[PDB]
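Chain A is the first sequence line, chain B the second, and so forth, proteins listed ahead of strands; every chain is numbered from 1. Just so it is clear, the values below take in all heavy atoms, side chains as well, and ignore hydrogens, waters and symmetry mates.
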Amino acid sequence: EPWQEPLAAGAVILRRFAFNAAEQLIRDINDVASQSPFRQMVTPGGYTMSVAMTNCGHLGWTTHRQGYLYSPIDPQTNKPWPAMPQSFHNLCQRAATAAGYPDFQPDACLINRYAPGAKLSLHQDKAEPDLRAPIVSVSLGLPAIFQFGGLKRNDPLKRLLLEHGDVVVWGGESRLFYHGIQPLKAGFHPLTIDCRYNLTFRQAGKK
Amino acid sequence: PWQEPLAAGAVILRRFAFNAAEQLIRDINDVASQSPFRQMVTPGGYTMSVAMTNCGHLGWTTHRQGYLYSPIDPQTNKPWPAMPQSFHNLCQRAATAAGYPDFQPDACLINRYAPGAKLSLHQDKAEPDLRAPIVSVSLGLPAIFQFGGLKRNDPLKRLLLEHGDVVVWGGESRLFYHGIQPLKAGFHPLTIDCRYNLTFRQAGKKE
DNA sequence: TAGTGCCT
DNA sequence: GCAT
Ligand SMILES: O=C(O)CCC(=O)C(=O)O
Ligand SMILES: O=C(O)CCC(=O)C(=O)O
Ligand SMILES: [Co+2]
Ligand SMILES: [Co+2]
């Protein structure tokens with residue numbers, strides 16, 4: 001079934017942890033996306049991102065003229081983001097628990113969609129005010145190479161092949177570690193067809 | 001010397017700084033000879049009954065302007081005195097004993113309470129990195145330390161903290177409400193008629 | 001700012 | 001490493 005692969009202090013890959021729940025989540029990805037479509041956000045410096053994005057839950061990650069921000073409102077629809085699906089919340093809390101983060105209460109889910117070539121540059125998740133809360137990151141569909149630092153931009157990166165069902169969780173000592181996804185290679189998956197989805201759960205607000 | 005549970009992520013290290021107390025006080029005096037103890041007025045207009053100074057990279061002060069973490073002491077227009085080795089060793093030993101092996105303070109606020117002096121119920125919420133615990137050292141006269149929950153009105157535990165007692169809280173109890181009741185007059189051989197507290201914090205960003 | 005691209 |  002599902003196994004573990006430690007990464008760094010506070011960081012684990014829960015291999016295939018989400019494999020069983022994958023269909024229900026992908027279904028929910030569609031339902032979220034029907035309310036708040038995937039869009040390729042433009043960074044504050046004017047770059048269009050290659051990853052296409054949407055959000056569900058109380059707070060959604062968004063780009064804005066003044067920098068990267070969490071908003072209760074989808075500027076694409078000027079409505080609040082969709083409620084977080086029960087399957088999202090359930091899988092997430094299970095993972096955070098299996099990962100040794102017992103009381104994770106996410107208020108934010110970023111949905112990433114990678115088409116072939118799409119990537120996400122090395123970066124830290126530092127837009128969140130409460131650093132105690134872990135990051136839970138679910139991989140679905142096409143395989144990708146995830147790199148994992150690194151408190152500095154340039155200390156050794158681990159390069160991990162993340163497959164459909166894999167969940168990476170990080171936090172505590174590794175909460176601000178650099179990470180990213182290399183240009184997605186083309187392929188097929190039965191459940192996602194031609195792309196890779198990622199679900200990043202966070203506590204983006206304040207307890 | 002010994003441990004007592006206080007809350008999730010919080011312990012009392014009874015008499016933990018008893019052995020080092022004489023050196024800590026000498027180190028207080030030296031720190032004070034550069035950045036003297038001073039009164040502070042809060043944004044409310046009330047002068048605090050506690051006198052304060054700081055040592056370490058970042059010092060906390062409050063004003064009718066608002067509180068401030070700064071590398072400069074407003075009274076001297078110079079950096080706060082560097083963190084004394086005794087302070088740094090004791091803090092780290094305390095934090096490891098309390099389950100926080102990686103605590104690196106960059107800030108120590110020194111409080112001096114005279115009889116009648118108090119510190120109103122509050123949260124330590126000014127620090128951006130909430131993963132770092134608070135290490136809280138008692139010296140001299142005994143005081144009642146209030147320790148509650150996340151909300152202002154959550155039930156309060158009245159704890160009698162005595163010379164050498166160290167309190168450590170973090171994780172789930174990190175933002176818990178707490179405070180000091182008006183100090184009763186008394187005598188202590190090492191402080192005469194007053195109580196010192198060392199509050200160690202990570203006030204800036206961790207490396 | 002840069003969650004990008006090395007711009008010529 | 002750096003641009004702004
Ligand atoms: O797609 C991934 O696996 C990583 C996602 C990510 O870095 C993010 O959402 O911040
Ligand atoms: O004197 C004490 O033990 C409490 C000090 C405190 O709560 C503070 O400085 O914020
Ligand atoms: Co990220
Ligand atoms: Co306090």
Side-chain angles (χ1 to χ4, degrees), chain A residues 7-8 11 13 29 32-33 36-76 81 92 106-131 133-162 166-171 174-185 195-205, chain B residues 128-129 204-205 207:
Chain A
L7 262 159
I13 304 186
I29 289 168
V32 166
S36 277
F38 285 104
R39 83 300 306 260
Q40 279 173 254
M41 290 173 187
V42 186
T43 64
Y47 295 98
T48 296
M49 300 187 67
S50 59
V51 302
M53 285 178 170
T54 197
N55 294 276
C56 66
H58 279 313
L59 252 17
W61 188 92
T62 59
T63 60
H64 200 280
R65 195 185 179 19
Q66 25 257 285
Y68 305 107
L69 70 88
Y70 284 100
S71 183
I73 297 300
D74 185 2
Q76 194 67 34
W81 300 99
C92 173
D107 56 13
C109 182
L110 175 58
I111 306 178
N112 290 307
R113 186 186 60 194
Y114 300 80
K119 65 168 182 307
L120 194 57
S121 311
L122 264 211
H123 73 274
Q124 290 168 293
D125 289 17
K126 67 172 163 179
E128 299 79 29
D130 189 358
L131 297 171
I135 301 293
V136 177
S137 192
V138 185
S139 276
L140 296 167
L142 292 193
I145 298 149
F146 183 65
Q147 49 226 34
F148 195 75
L151 228 208
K152 298 90 125 283
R153 178 72 79 150
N154 63 347
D155 39 13
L157 304 167
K158 291 192 177 205
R159 282 165 164 93
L160 311 142
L161 184 63
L162 292 187
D166 290 354
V167 177
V168 188
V169 174
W170 65 101
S174 64
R175 180 59 175 73
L176 286 167
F177 281 19
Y178 278 91
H179 58 275
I181 291 281
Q182 309 183 352
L184 203 86
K185 305 288 102 168
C195 74
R196 169 192 186 258
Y197 295 102
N198 158 265
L199 314 176
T200 304
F201 296 92
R202 307 187 181 81
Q203 178 206 126
Chain B
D129 195 346
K205 311 306 193 161
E207 290 178 317

Ignoring backbone atoms, establish whether [X] has a side-chain N or O less than 4.0 Å from OP1 or OP2 of [N].
X        : N     : answer
A/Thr43  : C/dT4 : no
A/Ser121 : C/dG3 : no
A/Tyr68  : C/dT1 : no
A/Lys126 : C/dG3 : no

**Request:** Indicate the atoms forming the closest heavy-atom contact of A/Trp81 with A/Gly57, along with that distance.
**Result:**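 For A/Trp81 and A/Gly57, the tightest heavy-atom pair comes out as CB-O, 3.6 Å.
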**Item:** Secondary-structure notation, DNA chain D, from Watson-Crick and G-U pairs under 3.5 angstrom (| other strand)
**Value:** |||.
**Prompt:** Can A/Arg39 and A/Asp74 be counted as an ion pair, charged N to O under 4.0 angstrom?
**Reply:** yes
Exam field: side chain [X] to backbone [Y], donor-acceptor pair closer than 3.5 Å:
X        : Y        : answer
A/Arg175 : A/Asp125 : yes
B/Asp129 : B/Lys205 : no
A/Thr63  : A/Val42  : yes

Mind calculating the distance between [atom1] ([X]) and [atom2] ([N]) to the nearest angstrom?
X        : N     : atom1 : atom2 : result
A/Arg202 : C/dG3 : CZ    : P     : 13 Å
A/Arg39  : C/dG3 : CZ    : P     : 19 Å
A/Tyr47  : C/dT4 : OH    : P     : 10 Å
A/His64  : C/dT1 : NE2   : P     : 12 Å
A/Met41  : C/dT1 : CE    : P     : 15 Å
A/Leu184 : C/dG3 : CG    : P     : 20 Å
A/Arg153 : C/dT1 : CZ    : P     : 13 Å
A/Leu122 : C/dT4 : CG    : P     : 11 Å

**Request:** Write down the distance separating the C1' atoms in C/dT8 and C/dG3, rounded off to the nearest Å.
**Result:** 26 Å
Contact class for [X] (heavy atom, under 4.0 Å): base, sugar-phosphate, or nothing?
X        : result
A/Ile181 : nothing
A/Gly180 : nothing
A/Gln40  : nothing

**Complement of C/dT1, any strand, by Watson-Crick or G-U distances under 3.5 angstrom** =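 By the stated definition (distances under 3.5 Å), nothing pairs with C/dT1.
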**Request:** Indicate whether the side chain of A/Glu128 and that of A/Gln203 have a donor and an acceptor atom separated by less than 3.5 Å.
**Result:**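 No.
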**Message:** For A/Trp170 and A/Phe146, take the angle between the two ring planes, folded into 0 to 90°, and tell me which bin it lands in: parallel under 30, tilted 30 to 60, perpendicular over 60.
**Reply:**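 Tilted, since the angle between the ring planes falls between 30° and 60°.
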